[PDB]
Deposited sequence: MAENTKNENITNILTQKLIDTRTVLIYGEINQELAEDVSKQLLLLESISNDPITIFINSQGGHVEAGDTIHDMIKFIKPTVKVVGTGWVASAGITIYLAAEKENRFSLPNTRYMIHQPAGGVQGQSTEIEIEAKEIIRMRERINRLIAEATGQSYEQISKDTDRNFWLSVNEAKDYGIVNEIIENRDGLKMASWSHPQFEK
């Protein structure tokens, strides 16, 4: 009854390091919610990032499932966490007020130099398409370490709407 009603909220929490264990847990939750109904799913994300391949799986699983996914950034959203956040369509990307964002991507993906370049190009294109920023702007910003405030992240094209209450997530 308790977990059953927790499933009824169609909410997924992605808090902490992005790793294969978290990717499995999130994948299971998303597949379970998909099998129940086509109703929208809300994901709250508080993550500093982690492993690139785990971030890739969560990103792709979000786009793969039939239900529309809304994301709500909270606390911080960085690196592989940003990749996950940007899986949702622009109009479905929300933020709580006390959140900072960083698109920096680890070079190794925390592998040869040719693969580091390929990985970077792939992620740069992903972020560019999702935000509406040019490839060159993203390429510069993924290779440095700067935090964006919630308002700056909105101006950047990461966050679409800043919300404080439930009625903003209508």
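- According to the record, C-alpha coordinates are lacking for deposited residues 1 to 12, 123 to 130, 191 to 201.
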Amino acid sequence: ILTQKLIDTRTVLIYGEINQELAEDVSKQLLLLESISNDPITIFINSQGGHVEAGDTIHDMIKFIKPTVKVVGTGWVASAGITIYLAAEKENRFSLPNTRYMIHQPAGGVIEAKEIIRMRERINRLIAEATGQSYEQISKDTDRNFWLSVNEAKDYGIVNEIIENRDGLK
From here on, numbers count along this sequence of modelled residues.
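- Stretches 29 to 37 and 66 to 74 differ in mean CA B factor, with 29 to 37 having the higher one.
- With 112 to 120 and 57 to 65 compared on mean CA B-factor from the PDB entry, the stretch scoring higher is 112 to 120.
- Remark: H51 belongs to the lowest third of its chain, ranked by C-alpha B-factor as recorded.
- Sort the chain's modelled residues by C-alpha temperature factor and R125 lands in the middle third, per the entry.
- The deposited CA B-factor of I138 belongs to the middle third of values across its chain.
- In the deposited entry, the Cα temperature factor of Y15 places it in the lowest third of its chain's modelled residues.
- Annotation for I162: CA B-factor lies in the highest third of the chain's modelled residues.
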